[PDB]
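Raw entry-v9.tsv, TSV, C-alpha atoms and all ligand atoms:
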```tsv
chain	number	residue	atom	x	y	z
A	6	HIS	CA	124.10	89.14	90.30
A	7	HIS	CA	124.94	88.47	94.04
A	8	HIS	CA	121.98	88.23	96.49
A	9	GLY	CA	123.40	89.27	99.95
A	10	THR	CA	120.64	91.89	100.65
A	11	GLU	CA	117.77	89.69	99.30
A	12	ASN	CA	119.10	86.74	101.39
A	13	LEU	CA	118.92	88.93	104.54
A	14	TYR	CA	115.09	89.25	103.95
A	15	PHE	CA	114.44	85.51	103.18
A	16	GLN	CA	115.70	84.26	106.62
A	17	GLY	CA	113.76	81.72	108.78
A	20	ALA	CA	110.12	83.49	104.34
A	21	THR	CA	111.06	79.93	103.08
A	22	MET	CA	107.60	79.56	101.39
A	23	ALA	CA	108.08	82.94	99.56
A	24	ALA	CA	111.68	81.96	98.54
A	25	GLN	CA	110.39	78.58	97.24
A	26	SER	CA	107.68	80.33	95.19
A	27	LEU	CA	110.26	82.84	93.73
A	28	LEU	CA	112.63	79.96	92.72
A	29	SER	CA	109.70	78.47	90.69
A	30	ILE	CA	109.82	81.63	88.40
A	31	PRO	CA	112.25	81.70	85.42
A	32	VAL	CA	115.42	83.65	86.51
A	33	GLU	CA	114.83	86.50	83.97
A	34	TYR	CA	111.43	87.41	85.61
A	35	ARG	CA	112.45	87.21	89.33
A	36	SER	CA	113.52	90.91	89.25
A	37	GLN	CA	110.14	91.80	87.54
A	38	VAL	CA	107.56	90.38	90.06
A	39	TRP	CA	105.90	92.09	93.06
A	40	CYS	CA	105.04	90.04	96.18
A	41	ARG	CA	101.42	91.30	96.52
A	42	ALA	CA	98.61	90.24	98.90
A	43	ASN	CA	95.67	88.20	97.54
A	44	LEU	CA	92.75	90.39	98.76
A	45	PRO	CA	91.83	92.40	96.57
A	46	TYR	CA	91.44	95.87	98.21
A	47	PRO	CA	88.45	97.86	96.87
A	48	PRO	CA	89.69	100.72	94.57
A	49	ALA	CA	89.70	104.13	96.34
A	50	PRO	CA	90.38	107.82	95.66
A	51	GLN	CA	93.30	109.59	97.44
A	52	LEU	CA	93.19	108.39	101.08
A	53	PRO	CA	93.39	110.61	104.19
A	54	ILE	CA	96.47	109.84	106.40
A	55	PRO	CA	94.43	108.31	109.31
A	56	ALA	CA	92.83	105.89	106.75
A	57	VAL	CA	96.34	104.71	105.58
A	58	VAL	CA	97.39	104.20	109.20
A	59	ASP	CA	94.27	102.07	109.90
A	60	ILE	CA	94.54	100.01	106.65
A	61	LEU	CA	98.20	99.07	107.46
A	62	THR	CA	97.38	98.41	111.19
A	63	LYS	CA	94.49	96.02	110.22
A	64	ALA	CA	96.75	94.29	107.58
A	65	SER	CA	99.46	93.76	110.31
A	66	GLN	CA	96.81	92.17	112.65
A	67	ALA	CA	95.32	89.97	109.81
A	68	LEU	CA	98.75	88.91	108.32
A	69	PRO	CA	98.54	85.14	109.29
A	70	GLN	CA	95.13	84.91	107.44
A	71	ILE	CA	96.39	86.85	104.26
A	72	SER	CA	98.26	85.04	101.40
A	73	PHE	CA	100.67	86.55	98.83
A	74	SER	CA	101.62	85.65	95.22
A	75	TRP	CA	104.59	86.72	93.06
A	76	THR	CA	102.97	88.52	90.07
A	77	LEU	CA	103.67	91.16	87.40
A	78	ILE	CA	101.79	94.48	87.93
A	79	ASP	CA	101.25	96.52	84.71
A	80	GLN	CA	99.36	99.81	84.11
A	81	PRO	CA	96.91	99.35	87.04
A	82	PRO	CA	93.71	101.50	86.77
A	83	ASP	CA	93.30	104.69	88.91
A	84	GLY	CA	92.00	103.66	92.38
A	85	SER	CA	94.24	100.48	92.51
A	86	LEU	CA	95.46	99.68	96.10
A	87	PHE	CA	97.97	96.83	96.76
A	88	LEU	CA	99.49	95.47	100.00
A	89	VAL	CA	103.13	94.53	99.06
A	90	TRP	CA	106.16	92.97	100.74
A	91	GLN	CA	109.37	94.87	99.82
A	92	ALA	CA	112.77	95.61	101.39
A	93	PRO	CA	113.33	99.39	101.75
A	94	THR	CA	116.94	98.91	100.44
A	95	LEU	CA	115.91	97.17	97.10
A	96	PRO	CA	114.35	98.96	94.05
A	97	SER	CA	110.57	98.51	93.37
A	98	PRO	CA	109.82	96.19	90.37
A	99	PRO	CA	108.30	97.76	87.22
A	100	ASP	CA	104.57	98.69	87.12
A	101	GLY	CA	104.46	100.12	83.52
A	102	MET	CA	104.29	103.74	84.91
A	103	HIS	CA	106.90	106.42	84.07
A	104	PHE	CA	107.34	109.81	85.78
A	105	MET	CA	108.41	113.26	84.62
A	106	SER	CA	109.77	114.05	88.17
A	107	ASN	CA	111.49	112.38	91.18
A	108	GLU	CA	109.51	110.46	93.80
A	109	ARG	CA	109.50	112.77	96.90
A	110	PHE	CA	109.92	111.25	100.44
A	111	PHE	CA	107.85	112.71	103.37
A	112	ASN	CA	107.71	111.46	107.01
A	113	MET	CA	104.71	112.10	109.34
A	114	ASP	CA	104.49	111.44	113.10
A	115	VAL	CA	101.18	109.59	113.75
A	116	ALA	CA	100.44	108.56	117.39
A	117	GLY	CA	104.21	108.29	118.17
A	118	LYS	CA	104.86	106.20	115.01
A	119	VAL	CA	106.46	107.22	111.67
A	120	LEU	CA	104.45	107.02	108.44
A	121	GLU	CA	106.69	107.10	105.33
A	122	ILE	CA	105.03	108.70	102.24
A	123	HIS	CA	106.87	108.20	98.91
A	124	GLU	CA	104.86	110.33	96.43
A	125	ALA	CA	105.47	110.20	92.63
A	126	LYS	CA	103.38	112.88	90.88
A	127	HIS	CA	103.59	113.38	87.09
A	128	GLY	CA	102.94	109.65	86.28
A	129	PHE	CA	102.11	108.58	82.73
A	130	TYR	CA	101.74	105.46	80.55
A	131	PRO	CA	103.98	106.22	77.53
A	132	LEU	CA	102.08	103.89	75.09
A	133	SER	CA	98.77	105.82	75.57
A	134	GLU	CA	99.53	109.30	77.18
A	135	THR	CA	101.31	112.47	75.93
A	136	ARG	CA	100.76	114.29	79.28
A	137	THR	CA	101.04	113.28	82.99
A	138	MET	CA	97.70	112.02	84.41
A	139	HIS	CA	98.58	109.81	87.47
A	140	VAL	CA	100.11	109.80	90.99
A	141	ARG	CA	101.70	106.80	92.74
A	142	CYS	CA	102.08	106.75	96.57
A	143	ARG	CA	103.99	104.02	98.50
A	144	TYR	CA	103.25	104.13	102.27
A	145	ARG	CA	104.62	102.21	105.27
A	146	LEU	CA	104.30	102.52	109.08
A	147	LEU	CA	107.41	101.95	111.30
A	148	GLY	CA	107.60	100.57	114.87
A	149	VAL	CA	104.43	98.36	114.78
A	150	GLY	CA	106.21	95.13	113.56
A	151	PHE	CA	105.11	95.66	109.91
A	152	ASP	CA	108.24	97.49	108.63
A	153	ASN	CA	108.56	95.58	105.26
A	154	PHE	CA	104.90	95.94	104.14
A	155	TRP	CA	103.68	98.82	101.96
A	156	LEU	CA	100.44	100.22	100.75
A	157	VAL	CA	100.89	101.12	97.03
A	158	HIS	CA	98.23	103.53	95.66
A	159	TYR	CA	97.71	104.56	91.94
A	160	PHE	CA	95.15	107.43	91.46
A	161	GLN	CA	94.19	110.35	89.11
A	162	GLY	CA	96.45	113.46	89.19
A	163	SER	CA	94.93	117.00	89.20
A	164	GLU	CA	94.49	118.96	85.89
A	165	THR	CA	96.84	121.63	87.41
A	166	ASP	CA	99.69	119.04	87.81
A	167	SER	CA	99.40	117.66	84.18
A	168	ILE	CA	102.63	118.48	82.23
A	169	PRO	CA	103.97	117.38	78.80
A	170	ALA	CA	105.46	113.84	79.06
A	171	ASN	CA	108.33	112.29	77.00
A	172	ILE	CA	109.77	108.78	77.79
A	173	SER	CA	113.20	110.03	76.58
A	174	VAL	CA	113.53	112.25	79.78
A	175	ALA	CA	111.27	110.22	82.15
A	176	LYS	CA	112.07	107.87	85.09
A	177	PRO	CA	112.60	105.03	84.60
A	178	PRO	CA	114.23	105.83	81.22
A	179	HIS	CA	113.57	102.33	79.63
A	180	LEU	CA	110.21	100.98	78.29
A	181	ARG	CA	109.35	97.44	79.58
A	182	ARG	CA	109.18	94.48	77.12
A	183	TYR	CA	105.62	93.72	75.90
A	184	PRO	CA	103.73	91.54	75.72
A	185	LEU	CA	103.96	90.34	79.38
A	186	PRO	CA	104.51	86.61	80.06
A	187	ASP	CA	102.10	84.62	82.31
A	188	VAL	CA	103.85	84.78	85.74
A	189	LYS	CA	101.58	84.40	88.80
A	190	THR	CA	102.61	81.92	91.53
A	191	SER	CA	100.13	79.90	93.64
A	192	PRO	CA	99.61	81.63	97.03
A	193	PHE	CA	101.97	81.42	100.07
A	194	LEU	CA	102.00	82.89	103.67
A	195	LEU	CA	104.51	85.43	105.14
A	196	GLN	CA	103.55	84.78	108.86
A	197	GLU	CA	102.46	81.58	110.80
B	201	CL	CL	111.95	116.78	90.72
```
Would you put the structure from the file into structure tokens?
Amino acid sequence: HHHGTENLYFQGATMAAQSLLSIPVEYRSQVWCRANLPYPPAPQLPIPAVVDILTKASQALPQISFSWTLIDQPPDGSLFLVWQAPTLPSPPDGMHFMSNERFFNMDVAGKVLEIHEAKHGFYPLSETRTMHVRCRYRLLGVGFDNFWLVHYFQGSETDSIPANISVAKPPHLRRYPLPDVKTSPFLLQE
């Protein structure tokens, strides 16, 4: 592949680039850059709570480390802070969806909150119906544009529909078992 868009995001991010180059080439497309916290698990969050969590993360960023790691079939409640370019695809998480991720925008205190909501989530190895929701959030205009809250939680009984990997997104099952890929921590601000 060529790396023009990636390279745009690793300008001036040397530590994160160095950590990625330590990973075998085949797995570099598979890893998430996730914060070493961990966030307590939570049910579906109100919008003001999301805004606060991302504001606090932006203010704490020089004291928070990240690692490149695989994420696979996280339990309901799982909350991650992740670094991702809005123009690159998300790495795999082991979740498939029977519908398209929908994109909503909310004005909050003169800022934009992006909500990317993927209902009808399922784990094809263990589920014949949809049981999960994934939300990716980010808050624009506060100097934290490339940082996301990613939330996995329980779907409603009313939203559960028959699931089949043959018509789901993504269409391809990931290779199991997963290799051991977790880098030692690095910083994204100094
Ligand atoms: Cl749809």
- Quick one: of A:153, A:29, A:97, A:106, who's nearest to ligand CL 201 (chain B), counting only C-alpha atoms and all ligand atoms?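 For ligand CL 201 (chain B), the nearest of the given residues is A:106.
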- Pick from A:110, A:87, A:155, A:144, whichever lies nearest to ligand CL 201 (chain B) using all atoms listed in the file: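 Of all the options, A:110 lies closest to ligand CL 201 (chain B).
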Can you list every residue of chain A that has an atom at most 9 Å from ligand CL 201 (chain B), with its nearest atom pair and the distance in Å to one decimal, using all atoms listed in the file, ordered by chain then number, as JSON lines?
```
{"residue": "A:105", "atom": "CA", "partner": "B:CL201", "partner_atom": "CL", "distance": 7.9}
{"residue": "A:106", "atom": "CA", "partner": "B:CL201", "partner_atom": "CL", "distance": 4.3}
{"residue": "A:107", "atom": "CA", "partner": "B:CL201", "partner_atom": "CL", "distance": 4.4}
{"residue": "A:108", "atom": "CA", "partner": "B:CL201", "partner_atom": "CL", "distance": 7.4}
{"residue": "A:109", "atom": "CA", "partner": "B:CL201", "partner_atom": "CL", "distance": 7.8}
```
Proximity of region 55-134 of chain A to region 159-172 of chain A: per-residue shortest pair, 10 Å limit, all atoms listed in the file, as a Markdown table:
```
| residue | atom | partner | partner_atom | distance |
| --- | --- | --- | --- | --- |
| A:80 | CA | A:159 | CA | 9.3 |
| A:81 | CA | A:159 | CA | 7.2 |
| A:82 | CA | A:159 | CA | 7.2 |
| A:83 | CA | A:160 | CA | 4.2 |
| A:84 | CA | A:160 | CA | 5.0 |
| A:85 | CA | A:159 | CA | 5.4 |
| A:86 | CA | A:159 | CA | 6.8 |
| A:87 | CA | A:159 | CA | 9.1 |
| A:102 | CA | A:159 | CA | 9.7 |
| A:103 | CA | A:172 | CA | 7.3 |
| A:104 | CA | A:170 | CA | 8.1 |
| A:105 | CA | A:170 | CA | 6.3 |
| A:125 | CA | A:159 | CA | 9.6 |
| A:126 | CA | A:162 | CA | 7.2 |
| A:127 | CA | A:167 | CA | 6.7 |
| A:128 | CA | A:162 | CA | 8.1 |
| A:129 | CA | A:170 | CA | 7.2 |
| A:130 | CA | A:172 | CA | 9.1 |
| A:131 | CA | A:172 | CA | 6.3 |
| A:132 | CA | A:172 | CA | 9.5 |
| A:134 | CA | A:170 | CA | 7.7 |
```
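Pairwise distance (CA of residue 72 (chain A), CA of residue 8 (chain A)) equals 24.4 Å.
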- Of the residues A:95, A:77, A:138, A:116, which is the one nearest to residue 39 (chain A), using only C-alpha atoms?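 So, comparing all the options, the nearest one is A:77.
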- Message: Restricting the calculation to all atoms listed in the file: of A:89, A:194, A:57, A:115, which residue gets closest to residue 152 (chain A)?
- Response: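 Ranking A:89, A:194, A:57, A:115 by distance to residue 152 (chain A), first place goes to A:89.
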- Note on the structure: One decimal place gives the CA of residue 38 (chain A)-CA of residue 52 (chain A) separation as 25.5 Å
